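Written out below as C-alpha coordinates is the structure these notes cover.
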Amino acid sequence: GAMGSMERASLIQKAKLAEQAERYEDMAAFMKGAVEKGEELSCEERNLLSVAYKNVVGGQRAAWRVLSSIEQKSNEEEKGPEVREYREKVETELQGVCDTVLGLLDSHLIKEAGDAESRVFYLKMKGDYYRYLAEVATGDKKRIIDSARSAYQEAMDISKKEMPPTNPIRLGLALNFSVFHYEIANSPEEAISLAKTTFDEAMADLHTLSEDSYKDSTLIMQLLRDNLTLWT
Amino acid sequence: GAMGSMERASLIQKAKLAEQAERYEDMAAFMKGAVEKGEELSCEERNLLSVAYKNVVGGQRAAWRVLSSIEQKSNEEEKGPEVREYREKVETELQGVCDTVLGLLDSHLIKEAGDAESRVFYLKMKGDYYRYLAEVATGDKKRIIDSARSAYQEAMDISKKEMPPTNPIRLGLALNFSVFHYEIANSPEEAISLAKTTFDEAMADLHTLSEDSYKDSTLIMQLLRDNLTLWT
Amino acid sequence: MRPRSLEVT
Amino acid sequence: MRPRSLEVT
Ligand SMILES: CC(=O)Nc1cccc(CN)c1
Ligand SMILES: CC(=O)Nc1cccc(CN)c1
Ligand SMILES: [Ca+2]
Ligand SMILES: [Ca+2]
Ligand SMILES: [Mg+2]
Ligand SMILES: [Mg+2]
(Lines give C-alpha, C1' and ligand atoms only; values in the text may rest on other atoms or scores of the structure.)
(Ligands and ions follow the chains in the order given, each with its own letter.)
Protein backbone atom coordinates (compact mmCIF):
# COMPACT_ATOMS: atom_id res chain seq x y z
CA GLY A 1 0.00 0.00 0.00
CA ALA A 2 1.00 3.61 -0.84
CA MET A 3 0.13 4.46 2.84
CA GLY A 4 2.58 1.85 4.30
CA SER A 5 5.17 4.51 5.13
CA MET A 6 2.77 6.85 6.98
CA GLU A 7 2.20 6.68 10.74
CA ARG A 8 -1.21 5.36 11.86
CA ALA A 9 -1.92 8.58 13.81
CA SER A 10 -0.98 10.74 10.74
CA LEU A 11 -3.36 8.71 8.51
CA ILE A 12 -6.22 9.28 11.02
CA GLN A 13 -5.36 13.01 11.25
CA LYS A 14 -5.34 13.27 7.44
CA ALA A 15 -8.63 11.32 7.16
CA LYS A 16 -10.23 14.01 9.39
CA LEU A 17 -8.72 16.81 7.24
CA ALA A 18 -9.90 15.07 4.04
CA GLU A 19 -13.45 14.92 5.52
CA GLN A 20 -13.33 18.70 6.21
CA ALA A 21 -12.12 19.26 2.63
CA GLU A 22 -14.82 16.88 1.18
CA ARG A 23 -12.00 14.84 -0.31
CA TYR A 24 -13.63 11.43 0.25
CA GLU A 25 -11.40 9.33 -2.07
CA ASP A 26 -8.39 10.63 -0.11
CA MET A 27 -10.25 10.02 3.18
CA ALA A 28 -10.93 6.39 2.15
CA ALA A 29 -7.30 5.83 1.10
CA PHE A 30 -6.08 7.21 4.48
CA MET A 31 -8.52 5.01 6.42
CA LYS A 32 -7.59 1.92 4.35
CA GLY A 33 -3.96 2.61 5.24
CA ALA A 34 -4.94 2.95 8.93
CA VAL A 35 -6.83 -0.37 8.90
CA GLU A 36 -3.84 -2.05 7.20
CA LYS A 37 -1.63 -1.17 10.20
CA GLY A 38 -3.33 -4.23 11.74
CA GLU A 39 -4.57 -2.62 15.02
CA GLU A 40 -8.31 -2.67 15.90
CA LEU A 41 -10.22 0.63 15.19
CA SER A 42 -11.79 2.78 17.90
CA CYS A 43 -15.37 3.93 17.61
CA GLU A 44 -14.43 7.27 16.08
CA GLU A 45 -12.01 5.53 13.63
CA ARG A 46 -14.78 3.07 12.57
CA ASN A 47 -17.00 6.15 11.85
CA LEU A 48 -14.20 7.70 9.73
CA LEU A 49 -13.88 4.46 7.74
CA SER A 50 -17.64 4.33 7.15
CA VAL A 51 -18.02 8.04 6.22
CA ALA A 52 -15.14 7.79 3.72
CA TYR A 53 -16.34 4.68 1.85
CA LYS A 54 -20.06 5.57 2.05
CA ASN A 55 -19.33 8.87 0.31
CA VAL A 56 -17.10 7.24 -2.33
CA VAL A 57 -19.59 4.43 -3.20
CA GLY A 58 -22.46 6.92 -2.84
CA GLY A 59 -21.09 8.94 -5.76
CA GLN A 60 -20.54 5.74 -7.78
CA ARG A 61 -24.06 4.43 -7.08
CA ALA A 62 -25.64 7.79 -8.04
CA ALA A 63 -23.60 7.82 -11.30
CA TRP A 64 -24.47 4.16 -12.03
CA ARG A 65 -28.18 4.88 -11.61
CA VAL A 66 -28.07 7.84 -14.04
CA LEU A 67 -26.19 5.70 -16.60
CA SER A 68 -28.39 2.58 -16.10
CA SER A 69 -31.52 4.83 -16.65
CA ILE A 70 -30.05 6.21 -19.94
CA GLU A 71 -29.11 2.65 -21.02
CA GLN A 72 -32.62 1.29 -20.23
CA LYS A 73 -34.17 4.22 -22.24
CA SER A 74 -31.79 3.38 -25.20
CA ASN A 75 -33.08 -0.27 -25.23
CA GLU A 76 -36.90 0.44 -25.39
CA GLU A 77 -32.53 5.13 -31.99
CA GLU A 78 -29.29 2.97 -31.94
CA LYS A 79 -26.38 5.09 -30.52
CA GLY A 80 -23.69 2.33 -30.34
CA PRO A 81 -21.91 0.62 -27.44
CA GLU A 82 -20.85 3.79 -25.55
CA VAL A 83 -23.67 3.99 -22.93
CA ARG A 84 -23.20 0.29 -22.03
CA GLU A 85 -19.37 0.65 -22.02
CA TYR A 86 -19.39 3.66 -19.71
CA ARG A 87 -22.08 2.15 -17.37
CA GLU A 88 -19.82 -0.96 -17.26
CA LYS A 89 -16.77 1.20 -16.41
CA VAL A 90 -18.53 2.90 -13.50
CA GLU A 91 -19.97 -0.49 -12.41
CA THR A 92 -16.53 -2.12 -12.38
CA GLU A 93 -15.07 0.76 -10.28
CA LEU A 94 -18.05 0.53 -7.84
CA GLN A 95 -17.51 -3.27 -7.57
CA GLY A 96 -13.85 -2.61 -6.91
CA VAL A 97 -14.57 -0.22 -4.03
CA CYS A 98 -17.06 -2.73 -2.56
CA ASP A 99 -14.46 -5.56 -2.87
CA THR A 100 -11.86 -3.33 -1.16
CA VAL A 101 -14.15 -2.66 1.84
CA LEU A 102 -15.17 -6.35 2.02
CA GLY A 103 -11.52 -7.32 1.93
CA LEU A 104 -10.70 -5.01 4.87
CA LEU A 105 -13.58 -6.54 6.83
CA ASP A 106 -12.44 -10.09 6.00
CA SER A 107 -8.71 -9.32 6.54
CA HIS A 108 -9.04 -8.88 9.51
CA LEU A 109 -11.50 -6.41 11.06
CA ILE A 110 -14.44 -8.78 11.73
CA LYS A 111 -12.42 -11.68 13.19
CA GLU A 112 -10.64 -9.34 15.70
CA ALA A 113 -13.93 -7.61 16.70
CA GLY A 114 -15.16 -9.22 19.96
CA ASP A 115 -17.19 -6.35 21.42
CA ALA A 116 -20.79 -6.11 20.26
CA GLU A 117 -20.39 -2.43 19.17
CA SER A 118 -17.48 -3.25 16.83
CA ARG A 119 -18.66 -6.66 15.64
CA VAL A 120 -22.22 -5.45 14.80
CA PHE A 121 -20.82 -2.32 13.05
CA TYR A 122 -18.51 -4.43 10.82
CA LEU A 123 -21.13 -7.06 10.03
CA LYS A 124 -23.62 -4.27 9.10
CA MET A 125 -20.92 -2.83 6.81
CA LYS A 126 -20.45 -6.29 5.27
CA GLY A 127 -24.19 -6.46 4.58
CA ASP A 128 -24.23 -2.91 3.15
CA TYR A 129 -21.37 -3.49 0.69
CA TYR A 130 -22.87 -6.85 -0.47
CA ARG A 131 -26.12 -4.91 -0.86
CA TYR A 132 -24.35 -2.35 -3.11
CA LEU A 133 -22.90 -5.29 -5.12
CA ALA A 134 -26.46 -6.73 -5.37
CA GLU A 135 -27.82 -3.44 -6.75
CA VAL A 136 -25.70 -3.92 -9.94
CA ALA A 137 -25.66 -7.76 -10.08
CA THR A 138 -27.32 -9.61 -13.03
CA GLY A 139 -25.15 -12.77 -13.64
CA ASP A 140 -23.86 -15.00 -8.72
CA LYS A 141 -26.70 -12.42 -8.06
CA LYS A 142 -28.37 -14.95 -5.74
CA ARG A 143 -25.12 -15.69 -3.85
CA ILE A 144 -24.41 -11.91 -3.45
CA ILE A 145 -27.93 -11.39 -2.01
CA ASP A 146 -27.46 -14.34 0.35
CA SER A 147 -24.07 -12.94 1.49
CA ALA A 148 -25.75 -9.58 2.33
CA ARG A 149 -28.60 -11.35 4.15
CA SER A 150 -26.23 -13.60 6.15
CA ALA A 151 -24.08 -10.66 7.35
CA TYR A 152 -27.15 -8.55 8.29
CA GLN A 153 -28.72 -11.56 10.08
CA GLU A 154 -25.61 -12.25 12.19
CA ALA A 155 -25.40 -8.51 13.07
CA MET A 156 -29.13 -8.54 13.99
CA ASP A 157 -28.77 -11.62 16.20
CA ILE A 158 -25.83 -10.06 18.16
CA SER A 159 -27.56 -6.63 18.35
CA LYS A 160 -30.78 -8.08 19.83
CA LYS A 161 -28.79 -10.04 22.49
CA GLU A 162 -26.22 -7.35 23.40
CA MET A 163 -27.65 -3.85 22.74
CA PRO A 164 -30.70 -1.91 23.87
CA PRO A 165 -33.42 -1.25 21.29
CA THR A 166 -32.42 2.46 21.11
CA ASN A 167 -28.72 1.81 20.41
CA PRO A 168 -27.97 3.83 17.23
CA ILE A 169 -25.91 1.00 15.68
CA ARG A 170 -28.79 -1.46 16.25
CA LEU A 171 -31.24 1.08 14.80
CA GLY A 172 -29.15 1.82 11.71
CA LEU A 173 -28.60 -1.89 11.14
CA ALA A 174 -32.35 -2.56 11.25
CA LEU A 175 -33.00 0.44 8.97
CA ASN A 176 -30.54 -0.86 6.34
CA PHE A 177 -31.68 -4.52 6.68
CA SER A 178 -35.29 -3.27 6.05
CA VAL A 179 -34.07 -1.49 2.90
CA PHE A 180 -32.33 -4.75 1.86
CA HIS A 181 -35.62 -6.63 2.30
CA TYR A 182 -37.66 -4.01 0.39
CA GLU A 183 -35.30 -3.13 -2.51
CA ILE A 184 -33.07 -6.25 -2.94
CA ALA A 185 -34.87 -9.34 -1.54
CA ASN A 186 -38.34 -8.45 -2.95
CA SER A 187 -39.72 -8.88 0.66
CA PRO A 188 -41.64 -5.58 1.22
CA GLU A 189 -43.74 -7.11 4.05
CA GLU A 190 -40.54 -8.25 5.93
CA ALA A 191 -39.18 -4.68 5.36
CA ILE A 192 -42.34 -3.07 6.82
CA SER A 193 -42.53 -5.52 9.76
CA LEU A 194 -38.86 -5.01 10.70
CA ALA A 195 -39.13 -1.19 10.46
CA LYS A 196 -42.34 -1.11 12.58
CA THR A 197 -41.05 -3.50 15.29
CA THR A 198 -37.72 -1.63 15.46
CA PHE A 199 -39.47 1.78 15.72
CA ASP A 200 -41.93 0.60 18.39
CA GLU A 201 -39.34 -1.18 20.56
CA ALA A 202 -37.08 1.88 20.38
CA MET A 203 -39.94 4.29 21.29
CA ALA A 204 -40.59 2.21 24.46
CA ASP A 205 -36.92 2.52 25.55
CA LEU A 206 -36.47 6.33 24.90
CA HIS A 207 -37.37 7.04 28.59
CA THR A 208 -34.01 5.47 29.62
CA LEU A 209 -31.88 7.97 27.59
CA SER A 210 -30.09 11.21 28.21
CA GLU A 211 -31.09 14.21 26.04
CA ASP A 212 -28.03 13.59 23.75
CA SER A 213 -28.72 9.81 23.41
CA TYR A 214 -32.40 10.64 22.79
CA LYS A 215 -31.42 12.93 19.92
CA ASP A 216 -29.12 10.25 18.37
CA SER A 217 -31.84 7.52 18.56
CA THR A 218 -34.79 9.67 17.42
CA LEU A 219 -32.84 10.88 14.35
CA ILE A 220 -32.63 7.28 13.09
CA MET A 221 -36.19 6.46 14.15
CA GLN A 222 -37.36 9.28 11.89
CA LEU A 223 -35.72 7.48 8.90
CA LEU A 224 -37.62 4.28 9.83
CA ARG A 225 -40.85 6.35 10.00
CA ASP A 226 -40.08 8.04 6.64
CA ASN A 227 -39.67 4.63 4.96
CA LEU A 228 -42.86 3.24 6.57
CA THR A 229 -44.70 6.40 5.22
CA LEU A 230 -43.25 5.68 1.73
CA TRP A 231 -44.11 1.91 1.95
CA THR A 232 -47.65 2.00 3.45
CA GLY B 1 -2.89 8.48 -23.48
CA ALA B 2 -5.32 5.83 -22.11
CA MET B 3 -7.96 7.36 -24.50
CA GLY B 4 -5.80 6.84 -27.66
CA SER B 5 -7.78 3.77 -28.71
CA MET B 6 -11.23 5.40 -28.41
CA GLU B 7 -12.96 7.14 -31.32
CA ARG B 8 -13.23 10.94 -31.08
CA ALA B 9 -17.05 10.79 -31.37
CA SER B 10 -17.23 8.11 -28.59
CA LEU B 11 -15.08 10.30 -26.27
CA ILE B 12 -17.45 13.27 -26.85
CA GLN B 13 -20.51 11.03 -26.27
CA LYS B 14 -18.97 9.71 -23.04
CA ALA B 15 -18.02 13.24 -21.89
CA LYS B 16 -21.74 14.16 -22.17
CA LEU B 17 -22.74 11.01 -20.20
CA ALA B 18 -20.09 11.75 -17.55
CA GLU B 19 -21.54 15.30 -17.19
CA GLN B 20 -25.05 13.81 -16.63
CA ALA B 21 -23.56 11.42 -14.04
CA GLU B 22 -21.56 14.27 -12.34
CA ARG B 23 -18.42 12.28 -13.03
CA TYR B 24 -16.19 15.29 -13.82
CA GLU B 25 -12.78 13.56 -13.58
CA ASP B 26 -14.01 11.06 -16.18
CA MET B 27 -15.49 13.93 -18.25
CA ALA B 28 -12.10 15.72 -18.21
CA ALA B 29 -10.22 12.55 -19.20
CA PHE B 30 -12.64 11.99 -22.13
CA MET B 31 -12.28 15.60 -23.31
CA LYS B 32 -8.47 15.47 -22.98
CA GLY B 33 -8.54 12.38 -25.18
CA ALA B 34 -10.78 14.22 -27.68
CA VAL B 35 -8.43 17.22 -27.82
CA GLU B 36 -5.45 14.87 -28.32
CA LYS B 37 -7.03 13.55 -31.55
CA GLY B 38 -5.57 16.78 -33.01
CA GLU B 39 -8.77 18.17 -34.66
CA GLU B 40 -10.08 21.65 -33.67
CA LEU B 41 -13.04 21.64 -31.18
CA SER B 42 -16.53 22.91 -32.02
CA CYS B 43 -18.28 25.38 -29.77
CA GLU B 44 -20.17 22.68 -27.89
CA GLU B 45 -16.94 20.60 -27.51
CA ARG B 46 -15.08 23.67 -26.13
CA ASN B 47 -17.92 24.02 -23.54
CA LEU B 48 -17.55 20.32 -22.59
CA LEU B 49 -13.79 20.80 -22.10
CA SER B 50 -14.37 23.86 -19.92
CA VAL B 51 -17.18 22.32 -17.81
CA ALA B 52 -15.09 19.20 -17.14
CA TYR B 53 -11.88 20.95 -16.01
CA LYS B 54 -13.69 23.80 -14.17
CA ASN B 55 -15.50 21.23 -12.04
CA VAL B 56 -12.33 19.20 -11.38
CA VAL B 57 -10.17 22.25 -10.38
CA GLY B 58 -13.18 23.74 -8.58
CA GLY B 59 -13.20 20.80 -6.16
CA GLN B 60 -9.41 21.06 -5.74
CA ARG B 61 -9.52 24.83 -5.10
CA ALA B 62 -12.34 24.45 -2.53
CA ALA B 63 -10.34 21.68 -0.75
CA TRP B 64 -7.11 23.74 -0.90
CA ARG B 65 -8.86 26.72 0.70
CA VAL B 66 -10.22 24.61 3.59
CA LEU B 67 -6.75 23.12 4.18
CA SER B 68 -4.89 26.47 3.81
CA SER B 69 -7.34 28.01 6.40
CA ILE B 70 -6.62 25.15 8.89
CA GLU B 71 -2.86 25.52 8.24
CA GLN B 72 -2.96 29.33 8.78
CA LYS B 73 -4.92 28.76 12.08
CA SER B 74 -2.23 26.18 13.18
CA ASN B 75 0.55 28.82 12.65
CA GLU B 76 -0.95 31.71 14.77
CA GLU B 77 -0.77 23.94 19.71
CA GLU B 78 1.87 22.13 17.49
CA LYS B 79 0.15 19.19 15.63
CA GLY B 80 3.10 18.14 13.38
CA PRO B 81 3.67 18.25 9.61
CA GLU B 82 0.37 16.60 8.55
CA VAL B 83 -1.73 19.73 7.73
CA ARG B 84 1.12 21.19 5.61
CA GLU B 85 1.78 17.78 3.95
CA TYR B 86 -1.85 17.24 2.99
CA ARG B 87 -2.32 20.90 1.81
CA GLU B 88 0.84 20.33 -0.30
CA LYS B 89 -0.61 17.09 -1.73
CA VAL B 90 -3.85 18.77 -2.81
CA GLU B 91 -1.84 21.78 -4.11
CA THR B 92 0.41 19.55 -6.24
CA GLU B 93 -2.63 17.75 -7.75
CA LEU B 94 -4.32 21.14 -8.47
CA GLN B 95 -1.08 22.38 -10.13
CA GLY B 96 -1.01 19.20 -12.16
CA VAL B 97 -4.56 19.69 -13.47
CA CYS B 98 -3.74 23.33 -14.33
CA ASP B 99 -0.53 22.23 -16.16
CA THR B 100 -2.55 19.61 -18.08
CA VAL B 101 -5.09 22.21 -19.30
CA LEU B 102 -2.30 24.70 -20.13
CA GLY B 103 -0.50 21.98 -22.04
CA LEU B 104 -3.61 21.22 -24.15
CA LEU B 105 -3.95 24.93 -24.92
CA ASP B 106 -0.26 25.21 -25.87
CA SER B 107 -0.22 21.88 -27.80
CA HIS B 108 -2.05 22.90 -29.97
CA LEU B 109 -5.48 24.43 -29.35
CA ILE B 110 -4.53 28.15 -29.29
CA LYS B 111 -2.22 28.11 -32.34
CA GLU B 112 -4.91 26.39 -34.52
CA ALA B 113 -7.68 28.77 -33.29
CA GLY B 114 -8.14 31.52 -35.92
CA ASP B 115 -11.77 32.48 -35.31
CA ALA B 116 -12.35 35.07 -32.61
CA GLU B 117 -14.87 32.83 -30.74
CA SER B 118 -12.36 29.97 -30.40
CA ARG B 119 -9.21 32.05 -29.92
CA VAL B 120 -10.75 34.30 -27.21
CA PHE B 121 -12.25 31.24 -25.42
CA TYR B 122 -8.84 29.47 -25.30
CA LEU B 123 -6.91 32.57 -24.25
CA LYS B 124 -9.48 33.21 -21.46
CA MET B 125 -8.97 29.59 -20.36
CA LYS B 126 -5.19 30.18 -20.38
CA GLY B 127 -5.68 33.21 -18.13
CA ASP B 128 -8.05 31.28 -15.81
CA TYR B 129 -5.69 28.33 -15.27
CA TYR B 130 -2.69 30.67 -14.67
CA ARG B 131 -4.98 32.49 -12.23
CA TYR B 132 -5.67 29.20 -10.39
CA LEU B 133 -1.86 28.58 -10.30
CA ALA B 134 -1.44 32.15 -8.91
CA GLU B 135 -3.95 31.47 -6.10
CA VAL B 136 -1.53 28.87 -4.59
CA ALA B 137 1.81 30.43 -5.69
CA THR B 138 4.33 31.70 -3.05
CA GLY B 139 7.85 31.01 -4.53
CA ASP B 140 7.80 32.40 -9.91
CA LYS B 141 4.57 33.92 -8.34
CA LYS B 142 5.23 37.14 -10.29
CA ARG B 143 5.82 35.28 -13.59
CA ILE B 144 2.60 33.20 -13.06
CA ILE B 145 0.59 36.42 -12.48
CA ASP B 146 2.14 38.01 -15.57
CA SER B 147 1.28 34.89 -17.65
CA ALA B 148 -2.39 35.16 -16.52
CA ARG B 149 -2.45 38.90 -17.27
CA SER B 150 -0.85 38.47 -20.72
CA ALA B 151 -3.37 35.77 -21.79
CA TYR B 152 -6.37 37.77 -20.50
CA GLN B 153 -5.05 40.95 -22.20
CA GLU B 154 -4.64 39.26 -25.60
CA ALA B 155 -8.17 37.76 -25.26
CA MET B 156 -9.52 41.23 -24.31
CA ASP B 157 -7.83 42.92 -27.27
CA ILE B 158 -9.31 40.38 -29.77
CA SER B 159 -12.76 40.45 -28.06
CA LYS B 160 -13.03 44.26 -28.25
CA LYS B 161 -12.08 44.24 -31.99
CA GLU B 162 -14.13 41.19 -33.09
CA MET B 163 -17.17 40.71 -30.79
CA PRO B 164 -20.11 42.84 -29.72
CA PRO B 165 -20.17 44.06 -26.12
CA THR B 166 -22.99 41.59 -25.26
CA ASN B 167 -21.17 38.49 -26.60
CA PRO B 168 -21.23 36.00 -23.67
CA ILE B 169 -17.58 34.97 -24.22
CA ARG B 170 -16.49 38.64 -24.13
CA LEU B 171 -18.61 39.20 -21.00
CA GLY B 172 -17.27 36.14 -19.17
CA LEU B 173 -13.72 37.07 -20.11
CA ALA B 174 -14.15 40.57 -18.68
CA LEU B 175 -15.81 39.14 -15.55
CA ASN B 176 -12.87 36.77 -14.91
CA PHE B 177 -10.20 39.41 -15.81
CA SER B 178 -11.90 41.75 -13.23
CA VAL B 179 -11.64 38.97 -10.62
CA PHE B 180 -7.95 38.55 -11.58
CA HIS B 181 -7.40 42.28 -11.01
CA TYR B 182 -9.26 42.30 -7.67
CA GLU B 183 -8.07 39.02 -6.07
CA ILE B 184 -4.65 38.31 -7.72
CA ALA B 185 -3.13 41.59 -9.02
CA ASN B 186 -4.12 43.72 -5.96
CA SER B 187 -5.77 46.21 -8.46
CA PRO B 188 -9.32 46.61 -7.01
CA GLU B 189 -9.86 49.93 -8.87
CA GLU B 190 -8.95 48.28 -12.26
CA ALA B 191 -11.38 45.43 -11.30
CA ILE B 192 -14.22 47.89 -10.55
CA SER B 193 -13.55 50.01 -13.67
CA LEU B 194 -13.48 46.97 -15.98
CA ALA B 195 -16.68 45.51 -14.46
CA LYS B 196 -18.55 48.86 -14.71
CA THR B 197 -17.44 49.63 -18.31
CA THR B 198 -18.26 46.05 -19.40
CA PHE B 199 -21.72 46.17 -17.75
CA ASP B 200 -22.58 49.61 -19.20
CA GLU B 201 -21.41 48.83 -22.75
CA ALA B 202 -23.35 45.56 -22.69
CA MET B 203 -26.54 47.25 -21.37
CA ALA B 204 -26.40 49.68 -24.35
CA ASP B 205 -26.24 46.77 -26.86
CA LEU B 206 -29.06 44.56 -25.33
CA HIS B 207 -31.60 46.18 -27.75
CA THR B 208 -29.88 44.31 -30.65
CA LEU B 209 -30.52 40.81 -29.17
CA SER B 210 -33.11 38.10 -29.50
CA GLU B 211 -34.91 37.00 -26.30
CA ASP B 212 -32.55 33.95 -26.00
CA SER B 213 -29.36 36.04 -26.58
CA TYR B 214 -30.71 38.62 -24.11
CA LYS B 215 -31.08 35.91 -21.46
CA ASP B 216 -27.50 34.61 -22.08
CA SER B 217 -25.97 38.14 -21.83
CA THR B 218 -28.02 39.38 -18.85
CA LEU B 219 -27.13 36.25 -16.82
CA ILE B 220 -23.44 37.21 -17.01
CA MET B 221 -24.13 40.91 -16.50
CA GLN B 222 -25.78 40.00 -13.20
CA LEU B 223 -22.46 38.44 -12.03
CA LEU B 224 -20.66 41.70 -12.93
CA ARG B 225 -23.31 43.62 -10.93
CA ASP B 226 -23.01 41.20 -7.97
CA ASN B 227 -19.23 41.77 -7.83
CA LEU B 228 -19.60 45.58 -8.13
CA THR B 229 -22.13 45.38 -5.17
CA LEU B 230 -19.54 43.36 -3.17
CA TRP B 231 -16.65 45.75 -4.13
CA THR B 232 -18.33 49.20 -3.72
CA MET C 1 -39.33 6.80 -4.56
CA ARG C 2 -36.05 5.20 -3.18
CA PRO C 3 -36.14 4.55 0.60
CA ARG C 4 -33.72 6.15 3.12
CA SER C 5 -30.81 4.06 4.30
CA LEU C 6 -28.60 5.22 7.17
CA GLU C 7 -27.17 8.68 6.26
CA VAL C 8 -23.52 8.84 7.42
CA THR C 9 -21.93 12.08 8.92
CA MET D 1 -16.58 37.59 0.59
CA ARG D 2 -15.03 35.91 -2.57
CA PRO D 3 -16.25 37.44 -5.87
CA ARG D 4 -18.15 35.50 -8.57
CA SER D 5 -16.17 34.28 -11.55
CA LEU D 6 -17.93 32.80 -14.59
CA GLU D 7 -20.08 29.84 -13.41
CA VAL D 8 -19.82 27.03 -16.02
CA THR D 9 -22.86 24.78 -16.98
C1 LIG E 1 -20.52 6.87 10.18
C2 LIG E 1 -21.55 5.83 10.51
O3 LIG E 1 -21.60 4.76 9.86
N4 LIG E 1 -22.42 6.15 11.51
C5 LIG E 1 -23.54 5.42 12.00
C6 LIG E 1 -24.43 5.99 12.92
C7 LIG E 1 -25.51 5.28 13.40
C8 LIG E 1 -25.72 3.96 13.01
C9 LIG E 1 -24.84 3.39 12.09
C10 LIG E 1 -25.03 1.98 11.61
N11 LIG E 1 -25.85 1.22 12.54
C12 LIG E 1 -23.76 4.11 11.60
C1 LIG F 1 -18.66 26.18 -20.31
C2 LIG F 1 -18.18 27.60 -20.43
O3 LIG F 1 -16.99 27.89 -20.20
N4 LIG F 1 -19.15 28.52 -20.75
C5 LIG F 1 -19.03 29.93 -20.88
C6 LIG F 1 -20.17 30.73 -21.05
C7 LIG F 1 -20.06 32.10 -21.17
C8 LIG F 1 -18.82 32.72 -21.17
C9 LIG F 1 -17.68 31.92 -20.99
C10 LIG F 1 -16.31 32.54 -20.94
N11 LIG F 1 -16.30 33.85 -21.58
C12 LIG F 1 -17.79 30.55 -20.85
CA1 LIG G 1 4.15 3.60 13.88
CA1 LIG H 1 -11.30 7.77 -35.79
MG1 LIG I 1 -49.66 -7.06 3.28
MG1 LIG J 1 -11.06 54.70 -5.48
Side-chain angles (χ1 to χ4, degrees), chain A residues 40-53 57-58 101-102 104-105 109-132 134 145-159 162-185 187-210 212-214 216-224 226-232, chain C residues 3-8:
Chain A
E40 295 184 36
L41 304 193
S42 71
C43 185
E44 181 180 5
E45 293 163 353
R46 291 191 296 274
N47 285 151
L48 292 168
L49 180 67
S50 175
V51 167
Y53 281 107
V57 300
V101 173
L102 294 168
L104 295 174
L105 292 171
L109 286 169
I110 287 169
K111 66 176 60 64
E112 293 292 14
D115 291 355
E117 294 63 36
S118 55
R119 194 167 181 83
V120 171
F121 188 94
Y122 291 137
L123 285 166
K124 177 194 165 289
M125 195 171 329
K126 182 175 183 168
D128 287 340
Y129 282 86
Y130 278 112
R131 169 163 63 87
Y132 306 150
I145 290 176
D146 207 57
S147 287
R149 194 191 303 272
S150 182
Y152 284 134
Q153 190 58 63
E154 185 180 342
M156 284 293 328
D157 292 344
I158 295 165
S159 75
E162 302 295 341
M163 295 170 160
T166 51
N167 176 281
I169 305 169
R170 180 170 165 177
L171 290 175
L173 164 65
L175 173 68
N176 284 6
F177 193 25
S178 73
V179 167
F180 168 80
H181 284 310
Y182 196 91
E183 285 295 323
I184 308 295
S187 300
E189 290 171 335
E190 188 63 18
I192 293 167
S193 297
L194 176 57
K196 282 189 182 168
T197 292
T198 302
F199 183 94
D200 286 347
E201 282 203 279
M203 173 164 273
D205 184 61
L206 289 172
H207 69 94
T208 67
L209 302 185
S210 72
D212 288 2
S213 291
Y214 170 98
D216 291 338
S217 297
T218 58
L219 182 159
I220 304 165
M221 293 171 64
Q222 183 59 51
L223 308 176
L224 290 162
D226 289 343
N227 287 344
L228 286 165
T229 297
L230 183 64
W231 291 343
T232 67
Chain C
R4 300 188 79 167
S5 67
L6 192 282
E7 289 167 1
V8 162

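The chains referred to below are lettered A, B, ... by the order of the sequence lines, with proteins before strands, and numbering in each begins at 1.
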For a side chain to side chain contact (heavy atoms under 4.5 Å, CB included) check, start with the C-alpha distance between A:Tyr130 and A:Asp146, then their side-chain angles and the critical distance, and finish with the verdict. CA-CA 9 Å; A:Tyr130 278 112; A:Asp146 207 57; over 6 Å; no

Would you check if [X] and [Y] make a side-chain contact, meaning some heavy-atom pair closer than 4.5 Å?
X        : Y        : result
A:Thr218 : A:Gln222 : no
A:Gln153 : A:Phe177 : yes
A:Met221 : A:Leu206 : yes
A:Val101 : A:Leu105 : yes
A:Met163 : A:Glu117 : yes
A:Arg170 : A:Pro164 : no
A:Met125 : A:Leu109 : no
A:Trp231 : A:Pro188 : no

If you measure from [atom1] on [X] to [atom2] on [Y], what distance do you get to the nearest 0.5 Å?
X        : Y        : atom1 : atom2 : answer
A:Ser147 : A:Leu102 : OG    : CG    : 9.0 Å
A:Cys43  : A:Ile169 : SG    : CD1   : 6.0 Å
A:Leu123 : A:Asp157 : CG    : CG    : 10.0 Å
A:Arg149 : A:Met156 : CZ    : CE    : 13.0 Å
A:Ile158 : A:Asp115 : CD1   : CG    : 11.0 Å
A:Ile110 : A:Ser118 : CD1   : OG    : 10.5 Å

Salt bridge or not for A:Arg119 and A:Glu154, using N-O below 4.0 Å? yes

Do A:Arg131 and A:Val179 pass the side chain to side chain contact (heavy atoms under 4.5 Å, CB included) test, and can you show the C-alpha distance, the side-chain angles, and the key distance before you say yes or no? CA-CA 9 Å; A:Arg131 169 163 63 87; A:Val179 167; 3.7 Å; yes

Heavy-atom pair of closest approach, residues [X] and [Y]:
X        : Y        : value
C:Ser5   : A:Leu223 : O-CD1, 4.2 Å
C:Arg4   : A:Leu175 : O-CD1, 3.5 Å
A:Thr198 : A:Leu224 : CG2-CD1, 3.8 Å
A:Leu171 : A:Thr166 : CD1-O, 3.5 Å
A:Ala134 : A:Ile145 : CB-CG1, 4.0 Å
A:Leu194 : A:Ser178 : CD2-N, 3.8 Å

Spell out, as yes or no, whether a donor-acceptor pair under 3.5 Å connects the side chain of A:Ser193 to the backbone of A:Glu189. yes

So, A:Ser213 side chain and A:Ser210 main chain: donor-acceptor pair closer than 3.5 Å or not? no

Using 30° and 60° as the class limits, which term best fits the ring planes of A:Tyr53 and A:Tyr129: parallel, tilted or perpendicular? perpendicular

Under the side chain to side chain contact (heavy atoms under 4.5 Å, CB included) criterion, do A:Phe180 and A:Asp128 qualify, and how do the steps go? CA-CA 8 Å; A:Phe180 168 80; A:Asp128 287 340; over 6 Å; no

